[PDB]
Every structure is written in structure tokens, then in C-alpha cells.
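What follows is the residue order along each chain.
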Amino acid sequence: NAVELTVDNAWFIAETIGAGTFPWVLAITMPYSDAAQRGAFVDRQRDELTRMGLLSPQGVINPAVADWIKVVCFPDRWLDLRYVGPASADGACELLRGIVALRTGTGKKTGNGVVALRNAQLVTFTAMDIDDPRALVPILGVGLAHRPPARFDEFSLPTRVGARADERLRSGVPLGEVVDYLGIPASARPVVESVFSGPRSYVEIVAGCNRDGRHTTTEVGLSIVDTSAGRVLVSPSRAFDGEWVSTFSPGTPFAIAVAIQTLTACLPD
């Protein structure tokens, strides 16, 4: 099943399983500071969870939900989603942060895991198996305009140049000079200009895994953007000389799945 909670409930259950922090991407931090606020928080959350059915009258959190939080906080293999989008126009940026967590030491292998989507004041946990990509792709796309994949053919530029270009655009360099600095063909120009500017609504997906005690994450992430033309996929890859090359392709769910598995392939899994 699935359970929608607040970030305070989720934090309490996270303290129940002895988790120091939530995954950094989810941006769920410690709501209180001192012992007094600690007490008040614990009381409030105890009452709320009790009345919503999660906390038994004998004072036990529901094992399923708690184990979901356990998977999220202590994943063996995970990939995190960071949703960037347009401002509320009142100046307020609302947090949309997902994560896909898989903890398997034995089996049920199956690959049963939990997806955690934190939007604003709420966070939803959903138990599923990510074995098939067709289930996963729509999950990471719900934070988007759901534009159909744009029509253009794949091109690419080195990740270094694209990154420095984006940074130049951040720092006040006009778009035209940036695109001129890129050196893309005239046909590939408008796609890039739509990716680097305008609406700017996209997901940053980053793979990670836990090997024994050591945690390892990808040096470069995967981007899924929504332009006014459609959905564009930015997928990094290693060239023959070891140079990082970002590749702009249509945003079809197939290409998304392939790019995801390719991204996870760089991890010791």
C-alpha cells in the first residue's frame, strides 16, 4: 500500500528506527532544538499518530510504515530525485523532493523498495518493486508538466562546457552569448535555448549505492526537463578519452529507462 504523512510524523517515525537524518535530498531536518521543544513535539506527534492509527494504544508504531522509513533512511541501493520548477510568483519556492530506495539483504531476488515523495509540508511513502522500469518512469515524472517528448534528433556537448555555460547564464551573461559560446549547430540551438532558459522545470536524478560500509554516488546526474516544445532528456556518458559528455535526446520514457539503468551501471552493482 501507500501512506501519506507530514514531515513531523515522518521525523518521529525516523527517530523510532534510530535514523540520525533523512536522505539529504528529501530536505527533512530536525524540527525541534532544545529539550522542551523535543517534549512538545513528541507529545503532539504521539497524539496525532495515535489518532490516525499508526501508533497503537500500547505505544507501537505500525511495523510496515516504520520499515518503509527504515528502507528510506538506510537504503542499500537508491536513486534520488530533485524537482526544480517555476516559482509561486509570490516569491515562494516549494520543495518537491523524491527518493527511490531499495533495501535487500535476502529477498522476498525481488527488489521490494519504497518511494518517498516530499511535497511542501507533506511526504508520501509507497511500497513497490522497481524491477520493471515501466512502473518507475511515471513515478519520477509526476513532478513535471507531463509534456510529451519533444521532436528533435539527439546531439551532445561536453559536460564541462555545458556546466560552465549554465553557470555563466546564472551569473548574468545574456543567453545569446552563452549559446554562441556553446558552438552548437543551428538546428540544435533552439532545443538548448529552451533547456537553459524559459520555464526551467526539471528533475535531477542521482544514483547511489551502499557497498558494505562505504557509500558511493555518481559523479554526474541525469536530467529530465520540460521545454515549451516538449520533454528533453540530458544523459551524461564517458567518451573514449574519459571526458564527460552530456547528451541531449528526446524525452521518451524508453530513453529515460535506458539512461537510468546506464547511470546505475556505473555503480558497483
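Determination of this PDB entry was carried out by X-ray crystallography to a resolution of 2.850 Å, according to the record.

Under the PDB entry, the protein has the name ESX-3 secretion-associated protein EspG3 and belongs to Mycobacterium tuberculosis. Its PDB title, taken directly from the record, is "Crystal structure of EspG3 from the ESX-3 type VII secretion system of M. tuberculosis". UniProt annotates the protein under Subcellular location with the comment "Cytoplasm".

Below, the discussion takes up the overall build of the protein. Within the protein, the regular secondary structure consists of eight helices and eleven strands. The C-alpha extent of the protein, read off along each of the three principal axes, is 70 × 45 × 30 Å. A burial count over the protein gives 42% of its 269 residues as buried. Entry remark: accessible area of the protein is about 14,800 Å², with carbon and sulfur atoms responsible for 52%. Side chains of the protein carry 25 positive and 29 negative charges; the gap between the two charge centres is 2 Å.

Another point: the pairing of strand β4 (residues 112-119). Strand direction decides the pairing type here: strand β3 (residues 96-102) and β4, joined by seven bridges, are antiparallel. Pairing of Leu-102 across the sheet is with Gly-113, part of β4. Two successive antiparallel strands, β4 and strand β5 (residues 122-129), enclose a turn made up of two residues, where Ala-120 displays a positive phi of approximately 55°.

A word on the pattern of salt bridges. Throughout the structure, instances matching the rule amount to ten salt bridges. In this structure, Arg-170 engages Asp-166 in a salt bridge whose closest nitrogen and oxygen atoms are separated by 3.9 Å. You can see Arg-170 and its partner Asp-166 sitting in helix α5 (residues 159-170), four residues apart, about one turn around the helix. When its relative accessible area of 19% is taken as the criterion, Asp-166 is described as buried. Connected via shared salt-bridge partners are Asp-166, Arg-170 and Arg-200.

This part takes up the packing of aromatic side chains. Taken as a whole and judged by the stated rule, the model has four aromatic pairs. Aromatic pair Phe-155 and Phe-248: ring centres 5.1 Å apart, planes at 10°, arrangement stacked. Here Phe-248 lies in strand β11 (residues 244-250) and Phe-155 lies in strand β6 (residues 155-158), a separation of 93 residues in the sequence. Each residue in the set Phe-152, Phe-155, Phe-196 and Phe-248 is aromatic and connected to the rest through ring pairs, giving one cluster. Sitting over the ring of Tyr-181, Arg-168 keeps its end group 3.9 Å from the ring centre. The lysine or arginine in question, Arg-238, covers the ring of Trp-244, its NZ or CZ lying 4.8 Å from the ring centre.

Basis of the calculations
- Residues numbered from 1 in each chain as written, not as in the entry; some residues may be left out.
- Heavy atoms only, no water.
- UniProt positions renumbered as here; feature names shortened; annotations may be inferred.
- Helix = DSSP H or I, 4+ residues; strand = E, 2+ residues; numbered from the N terminus.
- Buried < 20%, exposed > 50% of the residue type's maximum accessible area, 1.4 Å probe, protein only.
- Areas by Shrake-Rupley, 256 points an atom, 1.4 Å probe, with all protein chains shown as cover.
- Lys, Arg positive; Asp, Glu negative; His and termini not counted.
- Charge placed at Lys NZ, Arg CZ, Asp CG, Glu CD.
- Pairing = 2+ DSSP bridges.
- Salt bridge = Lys/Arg side-chain N within 4 Å of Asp/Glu carboxyl O.
- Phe/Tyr/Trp six-rings, centres within 6.5 Å; stacked < 30°, edge-to-face > 60°.
- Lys NZ or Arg CZ within 6 Å of the ring centre and 35° of its normal.

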